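Take a look at the structure set out below.
Atoms considered below: every heavy atom in the structure, side chains included; atoms not considered: hydrogens, waters and symmetry mates. Just so it is clear: chains get the letters A, B, ... in the order the sequence lines come, proteins before strands, and each one is counted from 1.
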Amino acid sequence: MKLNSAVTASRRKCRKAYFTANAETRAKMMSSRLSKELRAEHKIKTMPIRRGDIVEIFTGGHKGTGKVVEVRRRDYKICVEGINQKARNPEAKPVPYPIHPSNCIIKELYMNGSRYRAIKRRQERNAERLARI
Amino acid sequence: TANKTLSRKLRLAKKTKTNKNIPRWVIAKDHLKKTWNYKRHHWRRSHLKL
Amino acid sequence: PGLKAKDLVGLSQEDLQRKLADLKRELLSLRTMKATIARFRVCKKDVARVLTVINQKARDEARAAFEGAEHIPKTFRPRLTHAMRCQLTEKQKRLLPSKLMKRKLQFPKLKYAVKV
Amino acid sequence: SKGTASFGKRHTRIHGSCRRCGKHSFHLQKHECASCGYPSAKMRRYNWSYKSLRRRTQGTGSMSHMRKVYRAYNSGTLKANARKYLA
Amino acid sequence: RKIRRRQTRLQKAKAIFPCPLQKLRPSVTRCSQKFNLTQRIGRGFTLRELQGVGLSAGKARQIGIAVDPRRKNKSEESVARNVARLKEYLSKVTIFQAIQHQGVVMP
RNA sequence: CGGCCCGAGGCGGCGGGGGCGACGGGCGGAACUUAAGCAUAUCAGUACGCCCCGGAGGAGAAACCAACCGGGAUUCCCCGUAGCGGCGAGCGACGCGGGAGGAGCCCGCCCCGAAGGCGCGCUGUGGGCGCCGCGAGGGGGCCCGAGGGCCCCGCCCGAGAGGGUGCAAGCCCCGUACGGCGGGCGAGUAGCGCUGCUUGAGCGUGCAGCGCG
RNA sequence: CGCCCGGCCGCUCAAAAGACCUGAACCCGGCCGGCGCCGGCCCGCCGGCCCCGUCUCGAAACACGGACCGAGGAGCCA
RNA sequence: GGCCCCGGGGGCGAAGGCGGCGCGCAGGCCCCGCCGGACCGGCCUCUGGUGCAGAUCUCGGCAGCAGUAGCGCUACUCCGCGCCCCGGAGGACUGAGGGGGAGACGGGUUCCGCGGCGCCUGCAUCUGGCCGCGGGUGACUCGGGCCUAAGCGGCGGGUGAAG
RNA sequence: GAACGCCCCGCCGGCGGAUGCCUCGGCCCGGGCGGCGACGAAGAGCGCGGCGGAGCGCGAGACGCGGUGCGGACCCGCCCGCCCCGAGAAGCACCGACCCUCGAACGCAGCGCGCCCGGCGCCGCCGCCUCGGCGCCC
Ligand SMILES: [K+]
Ligand SMILES: [K+]
Ligand SMILES: [K+]
Ligand SMILES: [K+]
Ligand SMILES: [K+]
Ligand SMILES: [K+]
Ligand SMILES: [K+]
Ligand SMILES: [K+]
Ligand SMILES: [K+]
Ligand SMILES: [K+]
Ligand SMILES: [K+]
Ligand SMILES: [K+]
Ligand SMILES: [K+]
Ligand SMILES: [K+]
Ligand SMILES: [K+]
Ligand SMILES: [K+]
Ligand SMILES: [K+]
Ligand SMILES: [K+]
Ligand SMILES: [K+]
Ligand SMILES: [K+]
Ligand SMILES: [K+]
Ligand SMILES: [K+]
Ligand SMILES: [K+]
Ligand SMILES: [K+]
Ligand SMILES: [K+]
Ligand SMILES: [K+]
Ligand SMILES: [K+]
Ligand SMILES: [K+]
Ligand SMILES: [K+]
Ligand SMILES: [K+]
Ligand SMILES: [Mg+2]
Ligand SMILES: [Mg+2]
Ligand SMILES: [Mg+2]
Ligand SMILES: [Mg+2]
Ligand SMILES: [Mg+2]
Ligand SMILES: [Mg+2]
Ligand SMILES: [Mg+2]
Ligand SMILES: [Mg+2]
Ligand SMILES: [Mg+2]
Ligand SMILES: [Mg+2]
Ligand SMILES: [Mg+2]
Ligand SMILES: [Mg+2]
Ligand SMILES: [Mg+2]
Ligand SMILES: [Mg+2]
Ligand SMILES: [Mg+2]
Ligand SMILES: [Mg+2]
Ligand SMILES: [Mg+2]
Ligand SMILES: [Mg+2]
Ligand SMILES: [Mg+2]
Ligand SMILES: [Mg+2]
Ligand SMILES: [Mg+2]
Ligand SMILES: [Mg+2]
Ligand SMILES: [Mg+2]
Ligand SMILES: [Mg+2]
Ligand SMILES: [Mg+2]
């Protein structure tokens with residue numbers, strides 16, 4: 001049961017917030033679980049999906065694994081390499097079947113200066129909570 | 001009239017310039033199905049009071 | 001791309017007036033090519049970066065030319081609403097007559113506790 | 001001939017564009033606006049037509065200055081700026 | 001509205017801790033033939049009542065007594081009942097972990 | 001020729017003007033309607049028109065109420081008939097009593113005379129809540145376009161408010177519970193006479209014009 | 001994809017859901033069967049049957065309203 | 001608001017739609033087949049903007065009538081692949097108060113060139129004041145700006161509860 | 001007789017948009033807040049995007065410019081551009097500027113003109129400069 005009275009529990013307002021969200025909120029809402037192997041190494045549970053990661057898909061009719069070529073933030077979907085619409089011609093181009101990030105599990109992460117730091121920032125706060133508890 | 005003030009000429013000039021269709025790339029960009037601009041007008045059936 | 005606003009800070013007035021002359025003339029060349037393409041976007045906002053700086057150096061100079069004057073130009077006066085400019089000061093609102101005051105120093109404020 | 005024939009005698013402009021409200025309501029012979037009341041210093045407003053009041057009022061335009069002042073008050077630094085001044 | 005008023009008098013009580021929220025008010029006779037023989041809370045104490053115990057109007061206002069110089073006593077019993085009320089309150093008052101008194105003082 | 005008195009033109013600093021479908025203050029002010037007709041009455045001291053503020057406004061420290069073994073500035077809440085009226089239809093306050101809140105003061109006159117805010121003033125100055133962030137825990141088997149479905153075994157719970165996800169999800173994802181930052185006392189007056197409006201106020205409730213004072 | 005010169009065939013898809021969810025009534029076109037309500041009989045014969053709502057002493061009335069069909073549509077509250 | 005005995009019915013097919021049996025004096029209820037493709041209830045207690053044939057009812061759709069009633073200004077024809085468009089030849093009309101050539105007012109891009117026929121051009125169209133894409137109005141001497149007409153404003157102030 | 005019309009013994013098509021389910025919207029109550037303007041408001045006009053009509057936004061610095069923080073891969077089409085332990089796309093908050101014509105609307109007019117070489121509206125308060133009077137006096 002909720003206790004905070006500045007937070008809506010109204011379906012109409014909650015649905016309006018899923019749409020019409022700004023771009024920084026939409027990125028966070030497109031997260032996925034890290035694999036067990038990365039959970040031990042990084043000590044984090046989920047991560048926001050990104051162009052350049054490798055994902056293992058389940059629960060769908062397009063199961064498989066591949067790299068993230070595109071992010072359709074308006075749709076909350078991601079295009080993976082190798083997961084296409086079944087095509088008509090033998091020659092014609094591939095057409096990506098778009099996957100929802102929560103149907104995925106990340107197997108390897110794209111790394112740069114900002115992604116190392118935001119992980120380390122998130123571990124130190126999760127250790128504040130583990131000291132309070 | 002052939003004898004008009006510059007102030008009436010300028011407001012008439014703006015109704016002429018904005019009397020246009022939606023560009024086709026705008027229809028692809030914004031993903032539209034209504035394609036007619038219903039703020040258009042035609043000289044035979046209009047009553048621009050300007 | 002194009003000019004950074006930071007790298008015109010430190011330039012003299014002549015080196016900024018002279019730099020604005022080329023930008024204006026270049027947009028004439030590029031508007032002439034358009035009517036007779038990526039660069040023309042960046043040039044419009046290079047012009048705005050410079051004029052931003054010419055005005056920001058001129059305001060900091062003048063706002064010291066008047067730092068200690070009694071009457072200040074109205075652009076350099078504090079940012080307040082029309083109603084705030086017309087209100088009495090807190091000191092002006094707390095002023096009391098002489099007899100009224102000399103009775104408030106007699107009989108000060110006291111903390112006390114009552115019992116059941 | 002008070003009907004269709006009489007309508008063919010119309011080649012005049014009674015009203016023109018108002019300089020204050022922009023509408024086709026400025027009487028060219030009396031030099032007054034039948035919508036906003038110009039050249040009167042105050043605006044023409046009547047309580048017997050609240051629909052006419054909502055068509056042109058505060059909020060139906062940009063509110064460009066008033067928007068900035070309110071956001072500065074509600075969440076900016078303006079309430080601090082009064083304390084420094086009103087001291 | 002019930003919650004708003006309770007919140008306002010909680011904030012006011014901290015700002016004056018440990019002073020109570022109420023002044024000491026006198027005991028007066030309810031006024032008509034229908035209601036005499038019973039008492040209620042009045043507005044303030046008279047200067048004849050204050051002369052009894054040894055306080056000036058400015059002096060008694062300082063330690064929490066309400067003073068009403070417009071009221072005049074109608075009898076000798078009105079004075080004795082309220083002087084005894086003034087005398088008692090001065091006993092149970094301390095002037096500077098302290099107790100704030102709730103509700104009306106000496107109902 | 002200077003002074004004081006009464007005016008004129010210019011210059012400097014500062015202030016005013018307009019805006020709002022509410023609440024608030026001041027004026028002007030209907031008719032429909034009811035009376036089974038209709039003039040007084042009612043609707044209504046309303047609609048609407050004009051002016052003026054504020055974050056509230058207005059009101060306010062008794063030329064008060066009372067008739068008591070008495071109260072004691074203003075406002076707001078609960079409570080209930082005196083009376084007015086083609087005495088018809090209709091209209092209509094208030095004190096006492098119970099509560100919310102509570103706070104008290106000044107000038108004129110009189111004394112001193114420039115002691116003052118000093119180009120002025122002796123025709124009198126001055127004194128007496130919002131910003132940050134962490135955030136637990138589910139598999140295997142059938143089946144479907146797709147499992148949030150069915151079968152069988154578990155875990156988390158200060159979190160089973162809820163939204164999303166290809167079909168009913170605590171454990172697929174965002175959140176939800178558990179916390180940190182900033183923090184000596186007033187005159188064309190009072191009153192009275194005549195007249196108009198207004199009130200429950202009735203040989204006058206309140207206001208006003210003129211004559212008197 | 002193909003074939004004829006818009007159509008056919010068929011492709012995507014769980015499905016055309018194809019300019020779009022479902023898709024009722026009134027009304028209509030093609031193929032197939034037959035020649036108003038009540039009652040008896042298996043079935044086209046015999047028997048009975050004026051147009052409802054309304055005001056009204058009295059309506060089938062030459063008294064008024066009503067082509068048809070759908071959805072909305074009138075004693076609640078203080 | 002509750003219950004629905006290991007916790008009510010549902011993609012192994014909910015609500016709705018179309019036909020067909022049964023049950024009830026009746027209002028109505030229940031089942032089956034086909035369609036449809038995501039939600040729905042039986043019993044107890046509570047609540048209401050709670051049931052249509054009519055109001056010259058309201059809004060929407062739409063039949064017969066019915067391939068019906070109907071389509072001033074003298075006039076076109078031959079050939080060019082030929083359309084009422086274009087060309088050539090013929091025959092006529094408007095009849096200088098013009099179906100001619102130009103301005104004022106009003107309209108506002110209708111002007112021009114190239115393309116085109118989905119809409120319009122109550123028949124047709126290859127036409128076009130229709131649709132798409134490009135273009136277009138140059139002043140010392142012409143007009144407006146100036147002057148005053150009939151008028152209309154302003155004026156230390158005056159008046160009115162104000163406007 | 002056939003056909004037309006009518007009924008439905010059934011199987012398919014049209015026309016129309018009811019019913020069912022769905023909802024970034026309304027309505028009601030409560031809590032906050034009470035923050036405009038000659039430093040030019042509210043409102044109106046015109047203009048501004050690489051390909052740009054409407055609406056939002058902005059003002060010739062125009063579909064935005066700068067500064068401090070935060071954030072960390074995108075930017076609906078076609079292009080551009082960004083990409084990295086900082087090199088920096090989307091997004092967010094505060095702060096500093098720019099801010100065309102009309103409007104209380106301010107040189108006169110409303111689109112045309114002046115006086116003067118800074119500029120040039122009305123009312124009021126306080127000061128100051130220069131002055132008038134057969135007012136009272138000298
Ligand atoms: K012309
Ligand atoms: K026209
Ligand atoms: K006629
Ligand atoms: K007028
Ligand atoms: K009245
Ligand atoms: K009336
Ligand atoms: K009457
Ligand atoms: K009457
Ligand atoms: K009466
Ligand atoms: K009356
Ligand atoms: K009567
Ligand atoms: K109290
Ligand atoms: K999922
Ligand atoms: K007198
Ligand atoms: K009098
Ligand atoms: K009365
Ligand atoms: K009476
Ligand atoms: K008189
Ligand atoms: K009738
Ligand atoms: K009748
Ligand atoms: K009769
Ligand atoms: K009948
Ligand atoms: K008859
Ligand atoms: K008949
Ligand atoms: K009848
Ligand atoms: K008749
Ligand atoms: K009839
Ligand atoms: K017919
Ligand atoms: K053509
Ligand atoms: K007056
Ligand atoms: Mg203000
Ligand atoms: Mg007439
Ligand atoms: Mg006229
Ligand atoms: Mg001045
Ligand atoms: Mg009425
Ligand atoms: Mg009557
Ligand atoms: Mg009657
Ligand atoms: Mg009558
Ligand atoms: Mg009354
Ligand atoms: Mg006040
Ligand atoms: Mg009366
Ligand atoms: Mg359909
Ligand atoms: Mg009758
Ligand atoms: Mg009749
Ligand atoms: Mg009829
Ligand atoms: Mg119905
Ligand atoms: Mg209801
Ligand atoms: Mg109803
Ligand atoms: Mg009906
Ligand atoms: Mg002839
Ligand atoms: Mg042409
Ligand atoms: Mg035709
Ligand atoms: Mg000439
Ligand atoms: Mg636009
Ligand atoms: Mg101006």
Side-chain angles (χ1 to χ4, degrees), chain A residues 1-3 9 11-12 14-20 22-24 28-29 31-33 46 50-51 59-61 71 74 88 100-103 112-114 116-118 122 125-126 128-129 132, chain B residues 1 3 5-7 10 12 14 16 18 20-23 25-26 28-31 37 39 43-44 48, chain C residues 5 37-38 40-41 45 47-49 51-52 55-56 59 71 74-75 77 81-82 97-98 100, chain D residues 11 19-22 41-43 47-48 50 53-54 56-58 60-61 63 65-66 69-70 73-74 76-77, chain E residues 5 28-37 42-43 68 70-71 74-75 77:
Chain A
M1 186 57 227
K2 197 195 51 173
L3 264 41
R11 176 180 176 83
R12 173 181 176 184
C14 288
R15 274 175 58 81
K16 185 170 170 71
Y18 180 69
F19 314 103
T20 79
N22 69 32
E24 190 171 359
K28 192 41 169 46
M29 294 194 297
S31 296
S32 67
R33 185 170 288 179
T46 65
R50 190 212 196 274
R51 170 168 51 87
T59 203
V71 185
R74 288 170 180 271
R88 295 179 181 256
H100 189 266
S102 66
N103 296 324
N112 67 344
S114 287
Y116 274 112
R117 291 190 297 261
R122 183 166 160 171
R125 285 158 191 172
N126 205 36
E128 284 169 3
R129 166 187 183 84
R132 197 191 72 244
Chain B
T1 182
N3 307 283
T5 68
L6 180 67
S7 285
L10 287 170
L12 286 183
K14 186 204 183 186
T16 296
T18 67
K20 291 185 157 64
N21 290 330
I22 317 189
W25 58 271
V26 168
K29 179 180 93 63
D30 287 308
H31 281 81
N37 176 26
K39 297 215 165 159
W43 64 274
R44 252 200 285 93
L48 272 49
Chain C
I37 78 196
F40 188 57
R41 308 207 236 182
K45 307 304 165 154
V47 181
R49 263 133 213 169
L51 285 166
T52 305
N55 184 258
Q56 165 84 329
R59 282 182 70 84
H71 307 285
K74 309 200 159 172
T75 341
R77 292 180 188 180
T81 61
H82 181 93
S98 301
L100 263 178
Chain D
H11 54 259
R19 77 161 76 182
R20 187 160 79 180
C21 73
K42 52 184 178 164
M43 308 286 299
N47 293 312
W48 41 258
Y50 62 70
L53 294 176
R54 47 153 99 132
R56 180 180 60 233
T57 175
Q58 192 195 105
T60 66
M63 295 273 287
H65 176 81
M66 275 181 75
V69 173
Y70 280 48
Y73 194 94
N74 291 18
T77 74
Chain E
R5 284 178 170 163
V28 296
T29 298
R30 296 188 172 124
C31 47
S32 96
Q33 181 68 50
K34 176 187 190 175
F35 293 109
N36 66 350
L37 308 174
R43 186 200 168 75
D68 177 22
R70 171 174 49 241
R71 172 156 86 84
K74 309 295 185 272
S75 62
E77 280 71 22

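For the pair A:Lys16 NZ and I:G26 P, the interatomic distance rounds to 9 Å; values are reported in whole Å. Between the CG atom of B:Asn37 and the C1' atom of H:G132 there is a distance of 16 Å, rounded to whole Å. The nearest whole Å value for the distance from the OH atom in D:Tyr50 to the P atom in F:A47 is 16 Å. Atom pair D:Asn47:CG and F:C50:P shows a separation of 8 Å (rounding to whole Å applied). Protein atom CG of A:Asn112 is 9 Å distant from nucleotide atom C1' of I:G86, rounded to whole Å. H:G132 atom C1' lies 9 Å from atom CG of B:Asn21, rounded to whole Å. With rounding to whole Å, D:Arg19 atom CZ is found 5 Å from I:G103 atom P. Nucleotide I:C95 holds its P atom 11 Å from the CG atom of D:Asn74, rounded to whole Å.
Look at H:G19: its glycosidic torsion is beyond 90° from 0, and that puts it in the anti range. Taking syn as a glycosidic angle within 90° of 0, G:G75 qualifies as syn. For H:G145, the base is syn relative to its sugar; the glycosidic angle is within 90° of 0. The glycosidic torsion of F:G16 lies more than 90° away from 0, placing the base in the anti range. Its glycosidic angle being within 90° of 0, F:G117 falls on the syn side.
By the stacking rule of 5.5 Å between ring centres and under 30° between planes, B:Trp43 does not stack on the base of H:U110. Between the side-chain ring of B:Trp25 and the base of I:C51, a stacking contact exists by the 5.5 Å and 30° definition.
For I:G81, the base has no donor-acceptor partner in the side chain of C:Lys45 [N/O atoms by modelled type, under 3.5 angstrom]. For A:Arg132 against F:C178, a side-chain N or O and a base N or O form a donor-acceptor pair under 3.5 Å. For C:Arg49 against I:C65, a side-chain-to-base donor-acceptor contact under 3.5 Å is absent. In terms of polar N and O atoms assigned as donor or acceptor, the side chain of E:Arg71 never comes within less than 3.5 Å of the base of F:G70 in a complementary pairing. A donor-acceptor contact under 3.5 Å links the side chain of A:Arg129 to the base of F:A177. Side-chain N/O atoms of A:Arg15 and base N/O atoms of F:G162 include no donor-acceptor pair closer than 3.5 Å. With hydrogens and angles ignored, no donor-acceptor pair under 3.5 angstrom links the side chain of E:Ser32 to the base of F:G70.
Of the possible donor and acceptor atoms, none in the side chain of D:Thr57 sits under 3.5 Å from a partner among the backbone N and O of D:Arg54. Side-chain atoms of D:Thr60 never come within 3.5 Å of backbone atoms of D:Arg56 as a donor-acceptor pair (strictly under, hydrogens ignored).
A heavy-atom distance below 4.5 Å is not found between the side chains of E:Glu77 and E:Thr29. With a 4.5 Å cut-off on side-chain heavy atoms, E:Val28 and E:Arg43 do not count as touching.
When the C1' atom is compared between G:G39 and G:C43, the two are found 14 Å apart, to the nearest whole Å. On the P atoms, I:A73 is 23 Å away from I:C78, given to the nearest whole Å. Nucleotides H:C23 and G:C35 have their P atoms positioned 32 Å apart, rounded to a whole Å. The same atom, P, is picked in I:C122 and in I:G118; the two are 22 Å apart, to the nearest Å. Look at the P atom in both H:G67 and I:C6: the space between them is 14 Å, to the nearest Å.
Stacking fails between F:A62 and F:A63 under the rule that six-membered ring centres lie under 5.5 Å apart and planes differ by under 30°. Neighbours H:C105 and H:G106 stack on each other, since their six-membered rings have centres under 5.5 Å apart and planes tilted under 30°.
Judged by the sign of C1'-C2'-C3'-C4', I:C39 carries a south-puckered sugar. Sugar pucker annotation for F:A67: south, assigned from a negative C1'-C2'-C3'-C4' dihedral.
For B:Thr5, counting side-chain heavy atoms from C-beta on, the closest listed nucleotide (F:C171, F:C174, I:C111) is I:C111. Set against I:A44, G:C11, I:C24, the side chain of A:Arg88 has G:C11 as its closest nucleotide.
Taking NE2 of A:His100 as the reference point, atom OG of A:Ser32 lies at 10.5 Å (rounded to 0.5 Å).
Where C:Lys74 and E:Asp68 meet RNA chain F, the nucleotide closest to each residue was compared, and C:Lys74 sits on the side nearer the 5' end.
Contact between the side-chain N/O atoms of E:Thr29 and the OP1/OP2 oxygens of F:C69 is not found at any separation under 4.0 Å. Taking 4.0 angstrom as the limit, E:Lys34 places none of its side-chain polar atoms (N or O) nearer than this to OP1 or OP2 of F:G70.
Residue contacts for B:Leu6: at a heavy-atom cut-off of 4.0 Å it reaches the sugar-phosphate backbone alone, with no base atom in range. Within 4.0 Å (heavy atoms only), E:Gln33 reaches sugar-phosphate atoms of the nucleic acid but no base atom. Across all strands shown, D:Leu53 has heavy atoms under 4.0 Å from sugar-phosphate atoms exclusively, and none from any base. Within 4.0 Å of C:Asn55, counting heavy atoms only, lies at least one base atom of the nucleic acid. Here A:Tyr116 lies in heavy-atom contact (under 4.0 Å) with a base. Using a 4.0 Å heavy-atom criterion, one finds that D:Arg20 contacts the bases of the nucleic acid, with or without backbone contacts as well. Residue A:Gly60 is classed as a base contact, given a heavy-atom separation below 4.0 Å to a base.
Geometry at H:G88 and H:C78 meets the Watson-Crick or G-U wobble definition, both required distances lying under 3.5 Å. Nucleotides F:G108 and F:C87 fail the base-pair criterion, which asks for a Watson-Crick or G-U wobble arrangement whose two donor-acceptor distances both fall under 3.5 Å. Entry note: H:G134 and H:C112 meet the pairing test, Watson-Crick or G-U wobble at under 3.5 angstrom for both distances. In this structure, F:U176 forms no base pair with I:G69 under the Watson-Crick or G-U wobble definition at 3.5 Å. No Watson-Crick or G-U wobble pair links H:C140 with H:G136 with both defining distances under 3.5 Å. A canonical Watson-Crick pair (purine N1 to pyrimidine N3 plus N6-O4 or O6-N4) or a G-U wobble (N1-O2 and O6-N3), each contact under 3.5 Å, is absent between F:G183 and F:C106.
Across A:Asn112 and A:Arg50, no two heavy atoms sit closer than the pair ND2-NH2, 4.1 Å.
Using Watson-Crick or G-U wobble geometry with both donor-acceptor distances under 3.5 Å, F:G10 finds its partner in I:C128.
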